[PDB]
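Asks: This is the structure I want to talk about, given as structure tokens.
Structural data, given as structure tokens:
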């Protein structure tokens, strides 16, 4: 019972910004991770959940930053991070992701912070690209109270994510050469038995097909926002957009199970 904003439409979800005004700040003393930018709604009308987003191997915040304003404008506090090192592996990335959520919780309690009192610390979600995606799944396995996960071209040495009980959306990139769909994304998707889950493969995509500047932001943004609003807010006004096949020629494989 955490509704923010009006009933959504396709158009309102496809737009570059949702209903809320977004401001941001850069974390002064990032504690447990490399750097962070916090995006927040000024006017969501209530506390909102928090989401931490982690980049890929070799990559920096810029690679995933487009998600920060996109999600925050629909009613989330969103921290986009740099890892301690561009060469951190998935386990490290998961620890840093959780550290980022932890510092957002601290700042929610800090009267000097722009996000003072804006966060519902009981409602948190995880996202990431590449190893940041594999780290997000680790996070969800270790912390089953997380409300949702949205990952893109996830990377891990294993495909065994049967441990993920949280609602999980996987964006895959059809022609990914780093994390091939058939040997990575689809096995990971199929390993999950215990949860609402979805698999959306972007036609022609390379490993970076869901990153900042991508050609499919209306589609990808609509789906990521819809999944987060549905599951982080238990907002069934978003069931339509979270669960649907989005009838897009830019989707080359779509699967979902246990969605409502």
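In our numbering, the protein residues as written are 1064 to 1323.
Even for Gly, the Cβ is constructed at its ideal location relative to N, Cα and C.
1) Give me the Cα-Cα distance between residue 1248 and residue 1143, rounded to the nearest whole angstrom.
2) Mind checking who residue 1134 pairs with in its DSSP beta bridge?
3) Checking the sheet assignment: what are the DSSP bridge partners for residue 1140?
4) Return yes when the Cβ of residue 1235 is within less than 8 Å of the Cβ of residue 1323, no when it is not.
5) Measure the beta-carbon distance from residue 1351 to residue 1222 and round it to whole angstroms, keeping in mind my assumption that it falls under 8 Å.
6) My assumption, with CB atoms under 8 Å, is that residue 1105 sits in contact with residue 1089. Please give the rounded CB distance.
7) Looking only at C-alpha atoms, which of 1292, 1291, 1118 and 1084 sits nearest to residue 1025?
8) Kindly indicate the opening and closing residues of the beta strand (DSSP E) around residue 1192.
9) Can you look up residue 1239 in the DSSP assignment and give me helix, strand or coil?
10) Within a Cβ cutoff of 6 Å, which residues of the same chain sit near residue 1219, ignoring the five residues on either side of it in sequence?
11) For residue 1216, tell me which candidate among 1240, 1174 and 1202 has the shortest Cα-Cα distance.
12) If you run the structure through DSSP and keep just helix, strand and coil, what is residue 1313?
13) For residue 1311 versus residue 1282, is the C-beta distance shorter than 8 Å?
14) Please classify residue 1213: does DSSP put it in a helix, a strand, or coil?
15) Select from 1208, 1137, 1166 and 1126 the residue whose C-alpha is nearest the C-alpha of residue 1079.
16) Would DSSP call residue 1318 helix, strand or coil?
17) Quick check on residue 1225: does DSSP put it in helix, strand or coil?
Replies: Result, derived from the coordinates:
1) 23 Å
2) Looking at the DSSP assignment, residue 1134 forms no beta bridge with any residue, so it has no partner.
3) DSSP lists 1113 as partners of residue 1140.
4) Against a cut-off of 8 Å, the Cβ pair of residue 1235 and residue 1323 comes out as no contact.
5) This structure gives no information on residue 1351, because the portion of the chain shown stretches from 1064 to 1323.
6) No, residue 1105 and residue 1089 are not in contact; Cβ-Cβ is about 17 Å, not under 8 Å.
7) It is not possible to answer for residue 1025, since the shown part of the chain is limited to 1064 through 1323.
8) 1182-1192
9) coil
10) 1153 and 1197
11) In this structure, 1240 is the residue among 1240, 1174 and 1202 with its C-alpha nearest to the C-alpha of residue 1216.
12) coil
13) yes
14) Residue 1213 falls in the strand class under three-state DSSP.
15) 1137
16) strand
17) Three-state DSSP puts residue 1225 in coil, outside helix and strand.
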